[PDB]
Structures are given as structure tokens and as C-alpha cells.
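Chain IDs A, B, C, D, E and F follow the sequence of writing; residue 1 opens each chain.
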Amino acid sequence: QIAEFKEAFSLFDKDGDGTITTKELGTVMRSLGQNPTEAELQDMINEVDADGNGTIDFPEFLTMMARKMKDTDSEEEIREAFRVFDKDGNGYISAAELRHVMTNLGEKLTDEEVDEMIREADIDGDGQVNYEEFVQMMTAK
Amino acid sequence: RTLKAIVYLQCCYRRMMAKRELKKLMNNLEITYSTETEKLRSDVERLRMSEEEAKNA
Amino acid sequence: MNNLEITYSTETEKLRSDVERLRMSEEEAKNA
Amino acid sequence: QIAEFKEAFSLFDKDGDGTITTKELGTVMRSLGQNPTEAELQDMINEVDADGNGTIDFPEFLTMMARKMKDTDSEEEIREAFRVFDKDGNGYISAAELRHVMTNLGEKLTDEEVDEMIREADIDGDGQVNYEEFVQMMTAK
Amino acid sequence: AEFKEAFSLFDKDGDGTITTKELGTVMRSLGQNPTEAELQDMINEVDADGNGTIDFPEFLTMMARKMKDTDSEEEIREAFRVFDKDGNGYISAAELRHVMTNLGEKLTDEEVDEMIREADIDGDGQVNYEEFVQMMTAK
Amino acid sequence: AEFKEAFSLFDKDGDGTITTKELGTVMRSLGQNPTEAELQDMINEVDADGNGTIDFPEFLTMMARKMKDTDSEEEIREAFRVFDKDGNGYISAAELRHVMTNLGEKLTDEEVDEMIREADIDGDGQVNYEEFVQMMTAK
């Protein structure tokens, strides 16, 4: 709990001011554990103190987590993902197909977000990915 | 069955991303009840009058 | 918190089932 | 502002948890400055983030102040008080008469609340109190 | 309409008793409108002859004995005259002062002067008595 | 109802074009219900003869040419039969399979089997068709 999440917050603080830029609110929430959107974050910014703030303290954030806990915890339910591309039901998809779905469909990720992601992800010598294992790894936490 | 399952996964991806980032570095609800309590006081007298009308009918 | 939310929740049901009482009463009255 | 109020909150915290008992919500508000009732405090304890909470953090409380603000501010308007007892218009009332009006009438203070109050209040050798000075002292802030 | 709390605001000493001459004011602090006559009749029909003060039990027994008259003084919500017959809706300030200070349980001219502060008066010299009765009571 | 975003989800390659045989699915992802016939007629009335793929401009020009027919496929909100005349409100599962798999642009028995999963069937062997049409569409 709060000890790992404080050491966390301490390492987001760069300057050592006790406060972190409001832009990096999403990036901290993720990093306690939670899976929310970018939209949820902006919706929980519409509180007069945080909306006016340039930086947020560890108390402030701990309150933001309390008041949106039900929404915030909802996001760590999912373990299953979609796939498209495998029509024949091999269980596998190419790295090209994986990049296409992530960068060209939905909330469009960048190539640099995908290249960060393929550093952790088992890719065979063929250039293919077991997508059942890959969903287990991304939800493993 | 597809695109909305794609977007939910991308949300989770974004949030596993920054999960790595932070390992390297009272007044305003009162106002609802006070109106609502008047409403089902107002329409209790509506269905009672409707009951009275229906009974006369 | 968490001690009011429970009762406004119950109240929202009360003017839901009762509108379906008044609407059916209106329908009955209109058939009458 | 927030610095004097934070040192304030830090000293309400006893345990050093970051959070103060929800019972002591009134006692903190008073001590930023504000004059609210006990009732206003329980009509403010009807949100869906403090009446399930056994304790409250400083951000929760700051969020609480922001939404009530108008109502909370209203309470620091008064400078004038009532009196009864002086019918002859001397400008003065006995300590006995002051205790009676505080403990027997209105929202009923305890004797210990009155005895705490008389420690700051000029009382002459006769045992009387200039009530115009006494109203100025209690509203002085 | 008995109220121990209202009695405890009249008792300022915590003796348990209040003066027999504050009996009318205690009734008219409770709810009740009794006439000054009605107030004297209720005291006179008890052998509270020599009594200088009344306790809450004594006051309770008087209100229970006289409940029917006392309740009647809080029925009335409206107030016709009988000082307009034309039905103009207006009465002269002269006739309005005369009824208040010369008829019934007479008010003082200073009490009446207080009630005609901020009360509009036309160029005839007449006041809307319906507004004037509402402005006196609805406060 | 043109949508560039919907086209960008059909284009999975970022070429800018999509296969000419995904034209029916693209219309029915946009809103539009066109028949398999209507889909063939719209392709056939353009000299897209040799065209293997369609760009978003080409698809835009077809929908603008055929707007009136294509709009008509999204007017309908209700759906009578003409397979009940008694007005029982019921149709046999046998007649319901027969209309679906034998009349019009025939469904497969496997598609029909999917649509009768979780659809109640009485002891006569009949289904409430009003509920069945609502349960198919309102999803």
C-alpha cells in the first residue's frame, strides 16, 4: 500500500517540491496499479481545487483516489482482450498485425508506445506472438 | 464486439505503461433531495386524486 | 459519505414505481 | 491560508495517520476561522465521500470547504450579539447573568464551555462584564 | 400547547416559577392569543389569590381547564370589517387609529404609530386594510 | 451517412482503399441496411468493372448517387406479417425457419439456429414473433 505508493510518488517528484505536475496525474494512477482511460482523468480534474492547480501533492492524490475509488477499481477487472486477424484460430498473430490494431484502431497508440511494449513481450524467431500468453502478460499484476 | 473491446484494451495498455513510469521516476448533494422530496409529495396527491376520480368513475 | 447514498438510491425507485402507478391509473381512468 | 491551516490539521492529527476523526470536523472548521452550527456540520455530513468515512484527510476537508464556501463564509459576518438582563442600559451584565443566558437559553452551552470562555474575558473586581467590549473580543479575528 | 422549554426561557433564575403577571405573555409565547380580560378571568377562577408566582404544573392545569377558549384564539386566519360597507377596500387612517386606540382593549397612540410606519397612505388619506392586516400578521 | 473514421477501421493497412467485396459490410457499418441485390446493382451501375478496391471518394460518390434508396433502408422501425392472419400473435418455428431460409435472400440454417437460441417455444411449437423481432433488432 501507501509505502510503495509513496516511494512511487517520491520518484515522480523530480524537483523534490513534494508535488508533481498535474499532467502526470494519469501516469501516477497507472503506477499504483489502475487501468483508467485519458478521459476519466480529465473528468476527475473538474474539481475546483485540482482544475486550478499546476501541481498536486500526495495527500491531494490520495483523496482523488478515495472519491473515485469505485470507478478506479473497475478498471482492474479485465484480463481478456479482443483479437482480430486470426480467422483460422491458430492462436497466434504477427507483430505487424499487432502493431496495426494498436496504432490504427481504437484510441490509437504511437509506434514508440508499441516499441516500448514489445520489449517485454515474447516474440518468436518467426515474428509471431501467442496472443493468449500476451493477454495474460499485459494483465499480470 | 470488436472496436469497443479494442478501446478498453488500449486504456489498460496505457495504464500498464505509466505503471512502469512510476517505478523509474456536502453542500452539493443536499440540493437534490430537497427538490425530490417535494416531487413525490406532489404526485402522491396526484395518484390519490386519480384514485378518487377513478372511484367516482 | 456512505450513509446518505443508500437512501437517495431507494427514493429514486419510489418515484419510478409510482409513475408506473399513476400512468396505469391514467390508462384505467381513460378506459373508464 | 493553506500553510497555517495545514499546520493546524497536522496538530489535529494525533496519531500522525494523515487523517483526523470525522467527529472533529466541526472542531477543525472553527479553527481555520469559521463560525457554523453543529447542525450545518451534520447537514454537510450527507455526501458520498465523508459519512462512511471514520476519518478525513486534509484534501477531503479542502474539497468540503470549496463546495460549502458561501454558507461557511456567511457565518463570519456577525460582530453584534444580543443581550437581555440590562434593562436600565448600564452597558454591563454580571457573570451570573452571562452564565444563565449561555447555559439555560438557546443551543445551551456547558458550564465547562463557559469557564473556558471566562479565561479570556475581562471581568472586573465587582464581577461584572462590559458587554460591548465582550462582543468585540468574541468577534475579534 | 404546553411547552417546558418556553417556560424555561421565562424562568431566568431556574427557581421553577415565573411571576403571575407574566401569565399573559407566557400564553402568547406558546401560541395562543388570549384577550387581557380572558387572562384575568383564568387567574381569577383559581384561588391563586395570594400566589405571587406560578409553577409549570399550575400553568398546565389552567390551560387544561381553559383549553376550549384558548384554542379558539388560534383558529382565526382572516379578519373582516365592518368599517367599510361600500366595499371600497379602503379605510381612513383616522378610523383605523380610532378603532385601535378607542374601541376594545385600547392600544396606545405610540403602539399605533409603530404600526403605521411604512404603511402607505393615499391622497384621500386612506389605507388598504387587507394589506395592512396581512402585513401585521404575516410577519 | 459517410464516415471517414469507419472507413479507417476497414482500411487495416492504411493504403487508402478497401476491397470491392467489403462494400456491403462498409454500408452496414455506417448505418444503412442495403439488400445483397441493392449492393450488386450499385457496383454494377459504375464502370468499377475492373476495380479490385474502392477509395473513400469512390464510396462517397456511390452513396450520393444512391442516397434515396439507401436512406429508405433506415426508415423502418416496425415489421408486420402476413404469416399470421388469425392474429394469434404466434407463428410456428417451422414457418419462421421457412421464411428465413427459403424465401428472399436466404439465411443459412446455422444462422437461423443462432437466432432461435434463447427464443421461447411453447407446447404448440409457436413463438411470439413480436418479441422475436424486437429481441433481434433492439440488441
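Rule of thumb we're sticking to: contacts are C-beta pairs under 8 Å (C-beta built on N, C-alpha and C of every residue); 3 or more make two chains touch, one makes a residue touch a chain.
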Core chain by centroid distance, with centroids computed from Cα atoms only: B
Centre distance in Å when chain A and chain E are each reduced to the mean of their C-alpha atoms: 75
Intercentroid distance (Cα basis), chain C paired with chain A, Å: 42
Between chain D and chain E, centroid-to-centroid distance (C-alpha), Å: 38
Distance from the mean Cα position of chain C to that of chain B, given in whole angstrom: 16
Multi-partner residues of chain B (each touching 2 or more other chains): 3, 29
In chain D, residues with contacts to at least two other chains: 45-50, 53
Touch relationships between chains, expressed as pairs: A-B, A-D, A-F, B-C, B-D, C-D, D-E
Chain B-facing residues of chain A, complex: 8-9, 11-12, 14, 26-38, 75, 78, 81-82, 84, 101-102, 105-109, 113, 116-117, 138-139, 141
Of chain D, residues touching chain C in the complex: 45-53
Touching residues on chain B, where the partner in the complex is chain D: 26-30
Chain A partner contacts - residues on chain B that touch it in the complex: 2-3, 5-25
Contacting residues of chain E [partner chain D, same complex]: 8-9, 12-14
